[PDB]
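Quick notes on the structure that follows.
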Ligand SMILES: [Ca+2]
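Residue numbers (full-length UniProt numbering), protein chains in the order written: chain A, 32 to 80; chain B, 32 to 80.
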């Protein structure tokens with residue numbers, strides 16, 4: 032009578048949500064406060080973070 | 032008188048009910064919980080059962 036269609040199934044799901052990286056920024060204001068930059072001046076400025 | 036029609040019978044029956052196999056499935060959610068998948072990421076996921 033019944034000629035079974037021999038076909039069973041298995042399934043799965045994958046969730047890719049985020050991007051690998053977050054670039055958190057703290058911008059710099061290099062002449063800063065309690066220091067001074069002059070025209071034609073020479074030197075170095077550094078922000079560690 | 033009676034000319035016996037010499038024909039006796041034997042019979043039998045066979046019961047084919049089930050299909051050979053049962054594919055029980057536990058689907059996978061591969062990023063899972065307490066783990067994370069990122070875009071462009073590389074690695075391995077495994078489900079034992
Ligand atoms: Ca990885």
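Even for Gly, the Cβ is constructed at its ideal location relative to N, Cα and C.
Inter-residue Cα distance where the pair is residue i and residue j
i             : j             : result
residue 59(A) : residue 76(A) : 10 Å
residue 66(B) : residue 79(B) : 17 Å
residue 33(B) : residue 51(B) : 53 Å
residue 49(A) : residue 39(A) : 34 Å
residue 2(A)  : residue 54(B) : The shown model of chain A, from 32 to 80, leaves out residue 2(A), and the question about it has no answer.
residue 69(B) : residue 62(B) : 9 Å
residue 36(B) : residue 44(B) : 26 Å
Partner residues on chain B for residue i, Cβ-Cβ distance less than 7 Å
i             : result
residue 51(A) : 69, 70, 71, 72
residue 47(A) : 68, 70
Cross-chain neighbours of residue i in chain A, by beta carbon under 9 Å
i             : result
residue 56(B) : 39, 40, 41, 42
Under 9 Å from the C-beta of residue i: neighbouring residues of chain B
i             : result
residue 60(A) : By Cβ distance, chain B contributes nothing, its closest Cβ being about 33 Å from residue 60(A), past 9 Å.
Closer than 7 Å: residues whose CB approaches a heavy atom of ligand 1
Residue list for ligand 1: 72(B), 73(B), 74(B) (CB closer than 7 Å to any heavy atom, chain order).
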